[PDB]
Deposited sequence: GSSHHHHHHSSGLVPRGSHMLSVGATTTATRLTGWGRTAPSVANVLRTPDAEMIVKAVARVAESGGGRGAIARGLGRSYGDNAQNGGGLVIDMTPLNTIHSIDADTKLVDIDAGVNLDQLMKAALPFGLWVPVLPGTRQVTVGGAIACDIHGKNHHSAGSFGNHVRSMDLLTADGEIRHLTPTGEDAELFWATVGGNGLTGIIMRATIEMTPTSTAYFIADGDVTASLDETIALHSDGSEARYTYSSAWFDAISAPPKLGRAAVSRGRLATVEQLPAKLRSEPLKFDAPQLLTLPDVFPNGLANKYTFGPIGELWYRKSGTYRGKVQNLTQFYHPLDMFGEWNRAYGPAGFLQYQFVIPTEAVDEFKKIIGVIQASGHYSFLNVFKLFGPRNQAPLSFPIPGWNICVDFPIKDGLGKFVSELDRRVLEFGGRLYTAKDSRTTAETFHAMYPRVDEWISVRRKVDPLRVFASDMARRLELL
């Protein structure tokens, strides 16, 4: 049932034509993978979720791409064990809606709810609550992985095959196809947050606010970041922090249904940006994230700098604003401890996501950012990358050789392959 399709990431860049399989039948996907294995490998096969990754990890030029979104069955949700058993193609919006009546909450939510469970694991996604909860991989209790040999492995975070489990987490689909998974959810009594808002005046006090220990008082924390204004205004931020509300914290009107889902403006945004104990629904707490692809002519760039290299981070921010490249929408947060996945993006430190409009000199400038981020012990995120080099990536991820070793043991014939894998020499 494979049909030739032109495929891009969310950034609408680096297009490549591939045969796309779209079937809700698990057995047809098993046979398709076996067909590629009989061909000796050839150009290979990669899975694809909802295509929300900006880069080229979910495309395979001249090869096979398997669309996983038809596998969207939620098998079971259990309130006692807090476990959900879902097909890899169900998305986080669907899962959120289904789990709420059980008093359960998706443990890690990204900027958009239009991502699959498969895409969430393969990119080891992070959210507003990383410092308290880690990334998506931390909450996977088991996953069924279709490997190159045609076998479906039941993988767990500990015990036998634990190394393959952690190579799959953040593995960008290069260990096989996640068909099914069990996620441990977070218990909640409401669908609401209690939020404290703060507005900083400078990069200095933005960093001070994140270093004074106040982060330990909130499970959820992220900020909108100024990367255009000259110092000391550079790095000023609207910080939104909070935790899941309990029932009695809700206004009476909401208590019946707790689990139901210019210069003058800046003056206001400074005043209305400071608040304490505000009840907010999911949409409001993530606002304005609510407002088939994203806009073309934009280059998404996300990197994290280790906590200790604070001066190094401050310098990169300065380089960005003095560059002639302007990014209006910037998300900033302090990451918590990393997990044991070799290719996992998040490490403890200063994370920022910037959005440059595609202009003359941009490509070579972000190459200079790569070098700076690399020098200072940081890394960029694969789910946003389509232009960095193998050399830079390998140096940014010192456990990459460890990961490649696992990949070669599970896929010797290179049955699983993508545009990213070839570009970053992970193939």
Numbering the deposited sequence from 1, which residue ranges have no coordinates here?
1-25, 287-308, 339-344
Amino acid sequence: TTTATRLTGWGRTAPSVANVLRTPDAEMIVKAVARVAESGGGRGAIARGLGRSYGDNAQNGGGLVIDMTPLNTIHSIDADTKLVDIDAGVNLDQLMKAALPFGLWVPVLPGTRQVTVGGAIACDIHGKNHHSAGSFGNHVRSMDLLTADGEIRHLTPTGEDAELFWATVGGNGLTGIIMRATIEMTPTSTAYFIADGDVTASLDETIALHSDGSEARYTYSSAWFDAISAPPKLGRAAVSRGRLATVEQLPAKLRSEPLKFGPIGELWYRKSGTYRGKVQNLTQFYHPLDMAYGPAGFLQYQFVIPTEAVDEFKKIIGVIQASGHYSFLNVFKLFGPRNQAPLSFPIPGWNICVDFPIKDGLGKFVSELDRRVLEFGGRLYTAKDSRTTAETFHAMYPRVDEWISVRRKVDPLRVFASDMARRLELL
From here on, numbers count along this sequence of modelled residues.
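Only the largest set of C-alpha atoms that superpose within 1.5 Å between the two forms is called the rigid core.
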Superposing the other structures by the rigid core, the farther-displaced stretch by RMS over CA atoms in 8 other deposited structures of this protein, of 278-286 and 112-120, is 278-286
C-alpha RMS from this form in 8 other deposited structures of this protein, rigid core superposed: larger for 267-275 or 222-230?
267-275
For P295, does the count of other compared entries lacking it reach at least a third?
yes
Would you mind comparing 403-411 and 16-24 for me and telling me which has the higher average C-alpha temperature factor in the entry?
16-24
Mean CA B-factor: is it higher for 40-48 or for 359-367?
40-48
Candidate set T168, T274, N351, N339 [ranked by C-alpha B-factor, highest]
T274
For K82, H139, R217, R153, the deposited C-alpha B-factor is largest at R153
Taking only the Cα B-factors deposited for this chain, tell me whether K278 sits in the lowest, middle or highest third.
middle
How does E257 rank on Cα B-factor within its chain, lowest, middle or highest third?
highest
For the chain shown, is the CA B-factor of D198 in the lowest, middle or highest third of its modelled residues?
middle
Please place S221 in the lowest, middle or highest third of its chain according to the CA B-factor in the PDB entry.
lowest
Please say which third, lowest, middle or highest, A383 falls into when its CA temperature factor is compared across its chain.
middle
